[PDB]
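Peer 1: Take this structure first; my questions come after.
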Amino acid sequence: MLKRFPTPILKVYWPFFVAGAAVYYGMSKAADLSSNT
Amino acid sequence: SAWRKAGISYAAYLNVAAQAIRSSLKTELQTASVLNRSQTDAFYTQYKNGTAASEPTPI
Amino acid sequence: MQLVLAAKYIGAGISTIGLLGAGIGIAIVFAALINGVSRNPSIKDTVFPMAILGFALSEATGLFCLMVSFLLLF
Amino acid sequence: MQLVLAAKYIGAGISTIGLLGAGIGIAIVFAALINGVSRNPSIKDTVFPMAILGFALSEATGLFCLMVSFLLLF
Amino acid sequence: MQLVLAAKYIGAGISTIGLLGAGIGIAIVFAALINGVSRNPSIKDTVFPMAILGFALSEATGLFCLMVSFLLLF
Amino acid sequence: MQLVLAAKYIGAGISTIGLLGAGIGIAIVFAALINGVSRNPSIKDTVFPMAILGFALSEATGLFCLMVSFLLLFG
Amino acid sequence: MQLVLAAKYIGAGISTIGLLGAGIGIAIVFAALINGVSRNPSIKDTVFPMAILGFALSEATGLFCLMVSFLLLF
Amino acid sequence: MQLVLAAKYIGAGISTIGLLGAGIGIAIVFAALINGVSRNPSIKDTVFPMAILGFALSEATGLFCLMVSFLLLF
Amino acid sequence: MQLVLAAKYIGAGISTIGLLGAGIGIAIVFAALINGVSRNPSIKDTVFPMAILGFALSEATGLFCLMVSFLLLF
Amino acid sequence: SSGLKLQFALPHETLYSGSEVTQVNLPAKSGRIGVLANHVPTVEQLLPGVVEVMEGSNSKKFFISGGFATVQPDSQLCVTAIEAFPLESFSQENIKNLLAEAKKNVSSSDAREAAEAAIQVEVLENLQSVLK
Amino acid sequence: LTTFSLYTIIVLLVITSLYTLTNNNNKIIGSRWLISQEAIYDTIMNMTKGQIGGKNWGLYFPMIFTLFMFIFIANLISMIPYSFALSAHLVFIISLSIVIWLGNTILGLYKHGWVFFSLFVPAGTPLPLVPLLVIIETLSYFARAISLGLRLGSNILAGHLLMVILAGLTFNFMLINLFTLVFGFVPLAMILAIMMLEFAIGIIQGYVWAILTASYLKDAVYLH
Amino acid sequence: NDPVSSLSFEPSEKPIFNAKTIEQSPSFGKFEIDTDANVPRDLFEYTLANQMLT
Amino acid sequence: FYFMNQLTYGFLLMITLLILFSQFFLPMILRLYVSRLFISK
């Protein structure tokens, strides 16, 4: 039913995750640069 | 009209057209040849080597 | 009236363009008629009035555009 | 009247585009004619007057564009 | 008088758009002609005269547009 | 003296669009030539000169408008 | 002065539209070429030189449009 | 300078229209390619390359129009 | 300044007019794929990727028009 | 080849075996096409219609009962037929109409039989067009 | 808690109460809810074979599924005239397209390295044609990534505003006309039609987004 | 059996190309077929009828 | 502008959906598959 049979969750999904992290670093500085508040 | 799905095949369509021309041909054109063309007494048996014997199905 | 008359003239000039569609209408109606009659002679008699009505309505649309262009002139 | 005359000229120039459609339509009619006669050479006599009528009707659009341009100019 | 002459320049420039239709009409008549000749090698002697006649009729619109552009210029 | 040359340039620029139809018409003639040659390899001798004539004729049709634009420019 | 340059720029921009016909034409040439070579592969060798010839002719029409636009600019 | 840059922007906007012709042309090339390949699966290998090149420079025509728009902008 | 921004707006608007060709092109590409699958259903898997390739190319044309329009805007 | 040769043949007896012809009408599924000399090789289905054999002597006509109109690159026209329409003696209005009226009753008998009945009515109407 | 964040919480509240909160029949059927998602699950699973199949289609299946779920749910409740749908900014749809492309290349650069640059030259286009094609190919890679994000969000914005603009007209019509009848139900009829279109387009554009992001994954994993 | 002579005879063979392969003929291109009339299958059926009758 | 609790949270959402699908209902669909497979045999 919800019997957890292990499947790839992080083993092969790393590239998009590290891409997201590389986005995040800079993704907050873009708002800081264009504060306009 | 439709002779592939609605009909049987191009052969049947052509045969029916030929029978149209022959049966509707004028009286003086009627002869022994057109009578032989109209005449058909074949029997389709389809030998049941395994099964499905048609038993002398008329032409 | 200077600007008004100028705009009326250019409006008639630009409203003239509906004759493009009227002509293409009549033209491909007649072209399809030619193709059909050349591919079947018997059906010519029953396809001719339909083409007649077709380019008649196309010319009616062209006349609508002509009327609109004309009212901008007078 | 000076700007009126200038707008008359520009509007006539704009209105002169209907001959494009008239010519392209008569030419598609002729193309259908010649394709049909290439397929069936026997229908040429039958399609000749109908196609001439279609040519006249298609060129009527160019004639209407001409009369509009003439009204714009003179 | 610079504005009227400027506008007649603009109108003469605009009038040269019918070249599209004239050229495409010549194109389609010759295209259908060449297709019919290739598919029917024995139809040329009767398609060539009407093909040329249709070409001339199509070019009538283009030459008339250029004539009205010329008279606007001069 | 400036508006006249300005309108000369405008008219020439709006006349240059005439070559569009001439080029595409030349090429559609050529396309039908290709189709006919493919559907009849033995008709090439008959079809090549007529197609070349149609080529040059549509080309002249476009070039006359090009000359109109040129006289708008330099005349 | 500045009005002349402004109209020069707008005229060059309008002249740039002349490449659309060249593109559509060269592409229809290769389209017919593809259809023909797909029909019979043997025709490709005898059509390729004249095919690219007509291709270059349509490209030359486009280049004429571009050159007129350039001489407008310069 | 105000009108000069204004008409530079207008000319660039008009010039970028070449991508319309580029897209239409590459698409008709693709359409003919698909039609021929479906009608002739064997021709695919020897009809791929010149089709690729042809729509490539059909897009290069629109790229030339875009470059004209670029120089108008800058 | 105000005329500069005004011409920026109109140049963006007239840059937008180059993507109708992109739409028509992607459409005729998909239409040709439908036609080819109709003729040759088996070749659909092989022939499909080129459809998306041509779609991407024509969309690239349309967004080149977008790039011109947007750079004209902001 | 010099002109066109027609191999019009009928299973009872062949009609033409390569006779020189000035022009041939071939009512087909798409439409009639005039082939008279050279032309291109073609394969086509002959819809029931008047295959008129135009010749310098006369333009004698024949309504075909069906067949295939195919062409060879050597200016050969192989027209295979079954039953022709000799001149105008083939014309017989009364029995054609009688068959059409009597058997349109069974035009909705049984799928294949119904379709063949409708087709035979259609070719009877074709004969009526040839009846004139 | 911005409008985006609270909307995102509402998304997951709906997500769990379709298939996670049935879980009682211990069968493959027994609830038509289960038939619903497995239909969608099967349509994308076979699509995963047809587009990504050959070595690792099932490996990357969930991202296409999760993204399709994300777009599907965000487009369902977006019609009500007060739907302040996705903050009326839709900037994240651009961000999702950017990160999807940016992850796509790193996978390409990781799995191919310098070979990823060979993707710009599929079959031919020799050295004279190499610079033209690599320019078109590389610019295209930026091109359809940004286009994917903007087209979805703008149309949702376009659909939402054409809800309101037509709605204001109906308010004008029903207030002015005294005794006639054909003034407000026909504008109501378009409102009924234009709302079905907006509901419909979101469904396919979610599918289109699913197919597209699938399409770019092929190019990253497989060089052609 | 072929009636080669007025008294002699021997069996002989006539093969029929399938509709799936008449379209694969090397010379199939020179015929301007139309997909509307489904010429391959009609040709195959007519071919079968004629050769079996002969 | 505002991205903190949405994009990182978006990937966390994808991870949660990944769990609740691939660890729960992918095994469920597979389990019914193999269940009926052994039911036949």
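Each chain in the structure tokens gets a letter, A, B, ..., in the order shown, and its residues are numbered from 1; ligands are numbered from 1 in order too.
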Quick one: chain H onto chain I, least squares on all Cα paired in order, result as an mmCIF file with N, CA and C atoms, in the first residue's frame?

Peer 2:
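Listed below is the output, superposed_31.cif:
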```cif
data_model
loop_
_atom_site.group_PDB
_atom_site.id
_atom_site.type_symbol
_atom_site.label_atom_id
_atom_site.label_comp_id
_atom_site.auth_asym_id
_atom_site.auth_seq_id
_atom_site.Cartn_x
_atom_site.Cartn_y
_atom_site.Cartn_z
ATOM 1 N N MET H 1 12.900 62.983 -26.321
ATOM 2 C CA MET H 1 12.635 61.805 -25.501
ATOM 3 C C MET H 1 11.208 61.301 -25.695
ATOM 4 N N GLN H 2 10.276 62.236 -25.901
ATOM 5 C CA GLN H 2 8.889 61.859 -26.155
ATOM 6 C C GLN H 2 8.771 61.075 -27.457
ATOM 7 N N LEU H 3 9.304 61.633 -28.547
ATOM 8 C CA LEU H 3 9.270 60.942 -29.828
ATOM 9 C C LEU H 3 10.155 59.704 -29.824
ATOM 10 N N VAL H 4 11.267 59.735 -29.084
ATOM 11 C CA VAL H 4 12.167 58.585 -29.041
ATOM 12 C C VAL H 4 11.458 57.377 -28.439
ATOM 13 N N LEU H 5 10.839 57.559 -27.270
ATOM 14 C CA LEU H 5 10.106 56.463 -26.645
ATOM 15 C C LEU H 5 8.866 56.093 -27.448
ATOM 16 N N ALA H 6 8.212 57.086 -28.057
ATOM 17 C CA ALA H 6 7.064 56.807 -28.912
ATOM 18 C C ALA H 6 7.438 55.854 -30.041
ATOM 19 N N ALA H 7 8.511 56.173 -30.764
ATOM 20 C CA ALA H 7 8.923 55.326 -31.875
ATOM 21 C C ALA H 7 9.541 54.022 -31.394
ATOM 22 N N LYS H 8 10.097 53.993 -30.180
ATOM 23 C CA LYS H 8 10.515 52.717 -29.609
ATOM 24 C C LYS H 8 9.319 51.791 -29.428
ATOM 25 N N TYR H 9 8.218 52.325 -28.897
ATOM 26 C CA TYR H 9 6.999 51.536 -28.758
ATOM 27 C C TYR H 9 6.468 51.094 -30.117
ATOM 28 N N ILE H 10 6.464 52.006 -31.093
ATOM 29 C CA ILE H 10 5.994 51.659 -32.434
ATOM 30 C C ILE H 10 6.856 50.555 -33.035
ATOM 31 N N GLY H 11 8.177 50.673 -32.894
ATOM 32 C CA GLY H 11 9.071 49.668 -33.438
ATOM 33 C C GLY H 11 8.906 48.317 -32.775
ATOM 34 N N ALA H 12 8.692 48.300 -31.457
ATOM 35 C CA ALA H 12 8.430 47.034 -30.778
ATOM 36 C C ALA H 12 7.136 46.399 -31.277
ATOM 37 N N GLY H 13 6.088 47.211 -31.439
ATOM 38 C CA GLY H 13 4.834 46.688 -31.954
ATOM 39 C C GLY H 13 4.970 46.120 -33.354
ATOM 40 N N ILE H 14 5.749 46.790 -34.206
ATOM 41 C CA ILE H 14 5.991 46.265 -35.547
ATOM 42 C C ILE H 14 6.853 45.008 -35.485
ATOM 43 N N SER H 15 7.819 44.973 -34.563
ATOM 44 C CA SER H 15 8.768 43.868 -34.501
ATOM 45 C C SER H 15 8.104 42.579 -34.045
ATOM 46 N N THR H 16 7.123 42.675 -33.149
ATOM 47 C CA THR H 16 6.498 41.465 -32.618
ATOM 48 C C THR H 16 5.708 40.697 -33.678
ATOM 49 N N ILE H 17 5.697 41.194 -34.918
ATOM 50 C CA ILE H 17 4.967 40.531 -35.994
ATOM 51 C C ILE H 17 5.582 39.184 -36.366
ATOM 52 N N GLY H 18 6.828 38.922 -35.963
ATOM 53 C CA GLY H 18 7.487 37.679 -36.330
ATOM 54 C C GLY H 18 6.790 36.435 -35.818
ATOM 55 N N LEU H 19 5.966 36.574 -34.778
ATOM 56 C CA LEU H 19 5.238 35.421 -34.265
ATOM 57 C C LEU H 19 4.209 34.926 -35.273
ATOM 58 N N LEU H 20 3.721 35.813 -36.146
ATOM 59 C CA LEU H 20 2.854 35.388 -37.242
ATOM 60 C C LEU H 20 3.555 34.360 -38.120
ATOM 61 N N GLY H 21 4.756 34.698 -38.592
ATOM 62 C CA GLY H 21 5.514 33.762 -39.402
ATOM 63 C C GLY H 21 5.893 32.512 -38.636
ATOM 64 N N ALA H 22 6.258 32.668 -37.360
ATOM 65 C CA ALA H 22 6.606 31.507 -36.548
ATOM 66 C C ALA H 22 5.436 30.532 -36.454
ATOM 67 N N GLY H 23 4.239 31.047 -36.164
ATOM 68 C CA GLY H 23 3.077 30.181 -36.051
ATOM 69 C C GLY H 23 2.707 29.529 -37.369
ATOM 70 N N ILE H 24 2.695 30.311 -38.454
ATOM 71 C CA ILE H 24 2.367 29.741 -39.759
ATOM 72 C C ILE H 24 3.355 28.640 -40.116
ATOM 73 N N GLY H 25 4.640 28.869 -39.845
ATOM 74 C CA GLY H 25 5.643 27.880 -40.191
ATOM 75 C C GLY H 25 5.539 26.608 -39.369
ATOM 76 N N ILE H 26 5.429 26.747 -38.046
ATOM 77 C CA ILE H 26 5.295 25.549 -37.226
ATOM 78 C C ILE H 26 4.033 24.797 -37.607
ATOM 79 N N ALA H 27 3.000 25.514 -38.050
ATOM 80 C CA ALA H 27 1.757 24.851 -38.406
ATOM 81 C C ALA H 27 1.865 24.116 -39.733
ATOM 82 N N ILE H 28 2.567 24.685 -40.716
ATOM 83 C CA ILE H 28 2.752 23.935 -41.957
ATOM 84 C C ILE H 28 3.633 22.714 -41.707
ATOM 85 N N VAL H 29 4.619 22.836 -40.811
ATOM 86 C CA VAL H 29 5.427 21.675 -40.438
ATOM 87 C C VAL H 29 4.548 20.601 -39.806
ATOM 88 N N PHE H 30 3.674 21.007 -38.881
ATOM 89 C CA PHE H 30 2.756 20.059 -38.258
ATOM 90 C C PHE H 30 1.821 19.436 -39.285
ATOM 91 N N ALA H 31 1.335 20.236 -40.235
ATOM 92 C CA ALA H 31 0.422 19.726 -41.251
ATOM 93 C C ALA H 31 1.089 18.649 -42.093
ATOM 94 N N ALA H 32 2.321 18.910 -42.538
ATOM 95 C CA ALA H 32 3.049 17.905 -43.302
ATOM 96 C C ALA H 32 3.332 16.672 -42.456
ATOM 97 N N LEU H 33 3.653 16.870 -41.174
ATOM 98 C CA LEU H 33 3.895 15.738 -40.286
ATOM 99 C C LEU H 33 2.658 14.855 -40.175
ATOM 100 N N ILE H 34 1.492 15.470 -39.972
ATOM 101 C CA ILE H 34 0.257 14.704 -39.837
ATOM 102 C C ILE H 34 -0.070 13.987 -41.138
ATOM 103 N N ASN H 35 0.083 14.679 -42.271
ATOM 104 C CA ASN H 35 -0.210 14.061 -43.560
ATOM 105 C C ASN H 35 0.687 12.854 -43.804
ATOM 106 N N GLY H 36 1.984 12.997 -43.526
ATOM 107 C CA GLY H 36 2.900 11.887 -43.727
ATOM 108 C C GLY H 36 2.646 10.729 -42.780
ATOM 109 N N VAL H 37 2.344 11.031 -41.515
ATOM 110 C CA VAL H 37 2.116 9.973 -40.537
ATOM 111 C C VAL H 37 0.843 9.204 -40.864
ATOM 112 N N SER H 38 -0.216 9.908 -41.271
ATOM 113 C CA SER H 38 -1.426 9.219 -41.700
ATOM 114 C C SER H 38 -1.175 8.406 -42.963
ATOM 115 N N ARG H 39 -0.412 8.960 -43.908
ATOM 116 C CA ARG H 39 -0.060 8.215 -45.109
ATOM 117 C C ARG H 39 0.978 7.134 -44.837
ATOM 118 N N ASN H 40 1.755 7.267 -43.764
ATOM 119 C CA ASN H 40 2.800 6.297 -43.430
ATOM 120 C C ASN H 40 2.910 6.198 -41.917
ATOM 121 N N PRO H 41 2.114 5.326 -41.296
ATOM 122 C CA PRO H 41 2.215 5.156 -39.836
ATOM 123 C C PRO H 41 3.582 4.684 -39.374
ATOM 124 N N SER H 42 4.286 3.898 -40.193
ATOM 125 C CA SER H 42 5.583 3.370 -39.785
ATOM 126 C C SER H 42 6.644 4.460 -39.698
ATOM 127 N N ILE H 43 6.484 5.549 -40.453
ATOM 128 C CA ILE H 43 7.504 6.591 -40.494
ATOM 129 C C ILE H 43 7.509 7.468 -39.252
ATOM 130 N N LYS H 44 6.496 7.336 -38.388
ATOM 131 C CA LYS H 44 6.298 8.263 -37.275
ATOM 132 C C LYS H 44 7.526 8.351 -36.375
ATOM 133 N N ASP H 45 8.086 7.197 -36.003
ATOM 134 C CA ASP H 45 9.186 7.179 -35.044
ATOM 135 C C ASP H 45 10.393 7.944 -35.571
ATOM 136 N N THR H 46 10.696 7.795 -36.857
ATOM 137 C CA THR H 46 11.866 8.430 -37.444
ATOM 138 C C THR H 46 11.561 9.766 -38.112
ATOM 139 N N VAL H 47 10.310 10.231 -38.082
ATOM 140 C CA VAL H 47 9.993 11.566 -38.581
ATOM 141 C C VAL H 47 9.632 12.527 -37.448
ATOM 142 N N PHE H 48 9.378 12.019 -36.245
ATOM 143 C CA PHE H 48 9.108 12.895 -35.105
ATOM 144 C C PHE H 48 10.247 13.865 -34.792
ATOM 145 N N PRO H 49 11.529 13.430 -34.662
ATOM 146 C CA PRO H 49 12.541 14.306 -34.043
ATOM 147 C C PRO H 49 12.893 15.562 -34.828
ATOM 148 N N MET H 50 13.224 15.428 -36.116
ATOM 149 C CA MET H 50 13.613 16.622 -36.858
ATOM 150 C C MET H 50 12.426 17.547 -37.085
ATOM 151 N N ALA H 51 11.206 17.007 -37.153
ATOM 152 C CA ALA H 51 10.028 17.869 -37.177
ATOM 153 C C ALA H 51 9.912 18.676 -35.889
ATOM 154 N N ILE H 52 10.114 18.014 -34.743
ATOM 155 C CA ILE H 52 10.076 18.709 -33.458
ATOM 156 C C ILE H 52 11.101 19.832 -33.438
ATOM 157 N N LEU H 53 12.345 19.508 -33.798
ATOM 158 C CA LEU H 53 13.412 20.503 -33.787
ATOM 159 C C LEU H 53 13.117 21.636 -34.762
ATOM 160 N N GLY H 54 12.590 21.297 -35.942
ATOM 161 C CA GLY H 54 12.348 22.301 -36.959
ATOM 162 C C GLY H 54 11.310 23.317 -36.542
ATOM 163 N N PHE H 55 10.172 22.850 -36.015
ATOM 164 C CA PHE H 55 9.202 23.845 -35.568
ATOM 165 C C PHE H 55 9.687 24.533 -34.299
ATOM 166 N N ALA H 56 10.571 23.881 -33.535
ATOM 167 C CA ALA H 56 11.168 24.542 -32.380
ATOM 168 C C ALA H 56 11.941 25.788 -32.798
ATOM 169 N N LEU H 57 12.832 25.664 -33.783
ATOM 170 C CA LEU H 57 13.586 26.871 -34.119
ATOM 171 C C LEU H 57 12.831 27.778 -35.088
ATOM 172 N N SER H 58 11.796 27.268 -35.761
ATOM 173 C CA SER H 58 10.865 28.162 -36.439
ATOM 174 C C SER H 58 10.179 29.077 -35.433
ATOM 175 N N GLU H 59 9.835 28.542 -34.259
ATOM 176 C CA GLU H 59 9.366 29.390 -33.170
ATOM 177 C C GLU H 59 10.482 30.258 -32.609
ATOM 178 N N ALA H 60 11.721 29.762 -32.623
ATOM 179 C CA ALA H 60 12.841 30.574 -32.156
ATOM 180 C C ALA H 60 13.045 31.810 -33.025
ATOM 181 N N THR H 61 12.690 31.734 -34.310
ATOM 182 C CA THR H 61 12.738 32.928 -35.157
ATOM 183 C C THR H 61 11.772 34.001 -34.653
ATOM 184 N N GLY H 62 10.526 33.609 -34.376
ATOM 185 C CA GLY H 62 9.586 34.539 -33.779
ATOM 186 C C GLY H 62 10.029 35.007 -32.409
ATOM 187 N N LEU H 63 10.730 34.146 -31.670
ATOM 188 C CA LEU H 63 11.298 34.550 -30.388
ATOM 189 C C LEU H 63 12.372 35.615 -30.573
ATOM 190 N N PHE H 64 13.171 35.502 -31.636
ATOM 191 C CA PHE H 64 14.143 36.544 -31.954
ATOM 192 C C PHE H 64 13.446 37.857 -32.281
ATOM 193 N N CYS H 65 12.349 37.788 -33.036
ATOM 194 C CA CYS H 65 11.567 38.995 -33.303
ATOM 195 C C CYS H 65 11.015 39.590 -32.009
ATOM 196 N N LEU H 66 10.527 38.732 -31.112
ATOM 197 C CA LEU H 66 10.027 39.191 -29.821
ATOM 198 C C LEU H 66 11.136 39.827 -28.993
ATOM 199 N N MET H 67 12.352 39.284 -29.079
ATOM 200 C CA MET H 67 13.481 39.853 -28.351
ATOM 201 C C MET H 67 13.883 41.206 -28.930
ATOM 202 N N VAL H 68 13.780 41.366 -30.252
ATOM 203 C CA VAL H 68 13.983 42.682 -30.856
ATOM 204 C C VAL H 68 12.947 43.668 -30.329
ATOM 205 N N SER H 69 11.685 43.239 -30.262
ATOM 206 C CA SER H 69 10.647 44.090 -29.684
ATOM 207 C C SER H 69 10.954 44.419 -28.226
ATOM 208 N N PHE H 70 11.483 43.444 -27.484
ATOM 209 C CA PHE H 70 11.850 43.663 -26.088
ATOM 210 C C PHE H 70 12.921 44.738 -25.962
ATOM 211 N N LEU H 71 13.992 44.621 -26.753
ATOM 212 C CA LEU H 71 15.064 45.609 -26.675
ATOM 213 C C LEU H 71 14.579 46.979 -27.127
ATOM 214 N N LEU H 72 13.630 47.021 -28.064
ATOM 215 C CA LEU H 72 13.011 48.293 -28.416
ATOM 216 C C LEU H 72 12.234 48.870 -27.238
ATOM 217 N N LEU H 73 11.513 48.020 -26.502
ATOM 218 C CA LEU H 73 10.813 48.480 -25.306
ATOM 219 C C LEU H 73 11.795 48.920 -24.227
ATOM 220 N N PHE H 74 12.847 48.136 -24.009
ATOM 221 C CA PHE H 74 13.824 48.436 -22.969
ATOM 222 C C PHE H 74 15.208 48.666 -23.566
#
```

Peer 1: Taking a cut-off of 8 Å and counting only C-alpha atoms, can you build a table that, for each residue of chain B near chain L, reports the nearest atom pair and how far apart they are in Å (one decimal), sorted by chain then residue number, as a Markdown table?

Peer 2:
```
| residue | atom | partner | partner_atom | distance |
| --- | --- | --- | --- | --- |
| B:9 | CA | L:45 | CA | 7.7 |
| B:10 | CA | L:42 | CA | 6.1 |
| B:11 | CA | L:45 | CA | 6.4 |
```

Peer 1: List every residue of chain J that has an atom at most 10 Å from any atom of chain F, giving for each one its closest atom pair and the distance in Å to one decimal, counting only C-alpha atoms, sorted by chain and then by ascending residue number, as a tab-separated table.

Peer 2:
```
residue	atom	partner	partner_atom	distance
J:39	CA	F:40	CA	9.0
J:40	CA	F:40	CA	6.9
J:41	CA	F:40	CA	9.3
```

Peer 1: Extract, using only C-alpha atoms, all DNA, RNA and protein residues at most 12 Å from residue 54 of chain J, discarding same-chain residues fewer than 5 positions from it, and format them as an MDAnalysis selection string.

Peer 2: (chainID D and resid 42) or (chainID J and resid 4 6 19:26 34:36 59:62)

Peer 1: I'd like to know which of J:120, J:72, J:80, J:129 is closest to residue 46 of chain J, using only C-alpha atoms.

Peer 2: J:80

Peer 1: Find the residues near residue 1 of chain M: any atom within 9 Å, counting only C-alpha atoms, skip ones fewer than 6 places away on the same chain, and give them as a PyMOL selection string.

Peer 2: (chain A and resi 27-28+30-32+34-35) or (chain K and resi 91)

Peer 1: Output the selection as a short mmCIF file (atom, residue, chain, number, x, y, z; two decimals), in the first residue's frame - C-alpha atoms for each residue.

Peer 2:
```
data_model
loop_
_atom_site.label_atom_id
_atom_site.label_comp_id
_atom_site.auth_asym_id
_atom_site.auth_seq_id
_atom_site.Cartn_x
_atom_site.Cartn_y
_atom_site.Cartn_z
CA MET A 27 19.64 34.08 -6.64
CA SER A 28 19.42 36.05 -3.39
CA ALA A 30 20.13 39.49 -7.48
CA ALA A 31 17.32 40.71 -5.22
CA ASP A 32 19.88 42.47 -3.02
CA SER A 34 18.04 45.24 -7.42
CA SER A 35 16.55 46.05 -4.03
CA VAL K 91 7.92 35.10 -12.33
#
```

Peer 1: Within 7 Å of chain A, which residues belong to chain M? Use only C-alpha atoms and report them as a PDB file with C-alpha atoms, in the first residue's frame.

Peer 2:
```pdb
ATOM      1  CA  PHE M   1      12.470  38.994  -5.912  1.00  0.00           C
ATOM      2  CA  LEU M  18       9.157  11.575  -5.193  1.00  0.00           C
ATOM      3  CA  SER M  22       8.083   6.089  -6.061  1.00  0.00           C
ATOM      4  CA  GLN M  23       8.201   4.556  -2.564  1.00  0.00           C
ATOM      5  CA  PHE M  24       4.422   4.175  -2.119  1.00  0.00           C
ATOM      6  CA  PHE M  25       2.385   3.850  -5.330  1.00  0.00           C
ATOM      7  CA  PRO M  27       5.448  -0.263  -5.487  1.00  0.00           C
ATOM      8  CA  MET M  28       1.639  -0.396  -5.253  1.00  0.00           C
TER       9      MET M  28
END
```

Peer 1: Atom CA of residue 26 of chain B and atom CA of residue 90 of chain J are how many Å apart?

Peer 2: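 Rounded to one decimal, the two atoms are 5.3 Å apart.
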
Peer 1: Please find the residues of chain J near chain C - the criterion being any atom within 9 Å, counting only C-alpha atoms - and write them as a list in words.

Peer 2: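 Residues of chain J within 9 Å of chain C, counting only C-alpha atoms: residues 30, 31, 32 and 33 of chain J.
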
Peer 1: Save the residues we just selected, N, CA, C and O atoms, as a PDB file, in the first residue's frame?

Peer 2:
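Heads up, here's the output in part-v8.pdb:
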```pdb
ATOM      1  N   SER J  30      -9.954   8.875 -61.012  1.00  0.00           N
ATOM      2  CA  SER J  30      -9.789  10.320 -60.908  1.00  0.00           C
ATOM      3  C   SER J  30     -10.526  11.034 -62.034  1.00  0.00           C
ATOM      4  O   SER J  30     -11.474  11.788 -61.792  1.00  0.00           O
ATOM      5  N   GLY J  31     -10.123  10.785 -63.272  1.00  0.00           N
ATOM      6  CA  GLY J  31     -10.758  11.420 -64.409  1.00  0.00           C
ATOM      7  C   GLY J  31     -10.119  10.942 -65.694  1.00  0.00           C
ATOM      8  O   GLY J  31      -9.027  10.362 -65.695  1.00  0.00           O
ATOM      9  N   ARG J  32     -10.825  11.193 -66.793  1.00  0.00           N
ATOM     10  CA  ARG J  32     -10.347  10.755 -68.096  1.00  0.00           C
ATOM     11  C   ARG J  32      -9.096  11.530 -68.496  1.00  0.00           C
ATOM     12  O   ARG J  32      -8.982  12.735 -68.255  1.00  0.00           O
ATOM     13  N   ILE J  33      -8.139  10.817 -69.085  1.00  0.00           N
ATOM     14  CA  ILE J  33      -6.872  11.390 -69.516  1.00  0.00           C
ATOM     15  C   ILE J  33      -6.646  11.016 -70.973  1.00  0.00           C
ATOM     16  O   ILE J  33      -6.792   9.849 -71.356  1.00  0.00           O
TER      17      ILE J  33
END
```

Peer 1: Using only C-alpha atoms, which chain K residues lie at most 7 Å away from chain A, written as number ranges by chain?

Peer 2: K: 23, 26, 99, 102-103, 106-107

Peer 1: The selected residues should be written to file as a CSV table (one decimal), in the first residue's frame (atoms: N, CA, C and O atoms).

Peer 2:
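again30.csv, freshly written:
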```csv
chain,number,residue,atom,x,y,z
K,23,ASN,N,-6.4,4.9,-0.1
K,23,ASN,CA,-5.5,3.9,0.5
K,23,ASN,C,-6.3,2.9,1.4
K,23,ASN,O,-5.8,2.6,2.6
K,26,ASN,N,-6.9,-2.0,-0.9
K,26,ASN,CA,-5.8,-2.9,-1.0
K,26,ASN,C,-5.8,-3.6,-2.4
K,26,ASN,O,-5.4,-4.7,-2.6
K,99,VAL,N,16.0,27.2,-14.2
K,99,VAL,CA,16.7,26.1,-13.5
K,99,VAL,C,16.7,24.8,-14.2
K,99,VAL,O,17.6,24.0,-14.2
K,102,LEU,N,19.3,25.1,-16.8
K,102,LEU,CA,20.7,25.2,-16.2
K,102,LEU,C,21.1,23.8,-15.6
K,102,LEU,O,22.3,23.4,-15.7
K,103,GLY,N,20.1,23.0,-15.1
K,103,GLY,CA,20.4,21.7,-14.7
K,103,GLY,C,20.6,20.8,-15.9
K,103,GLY,O,21.4,19.8,-15.9
K,106,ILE,N,24.4,21.2,-17.1
K,106,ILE,CA,25.4,20.6,-16.2
K,106,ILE,C,25.4,19.1,-16.3
K,106,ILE,O,26.4,18.5,-16.3
K,107,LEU,N,24.2,18.5,-16.5
K,107,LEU,CA,24.1,17.1,-16.8
K,107,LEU,C,24.8,16.8,-18.1
K,107,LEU,O,25.5,15.8,-18.3
```
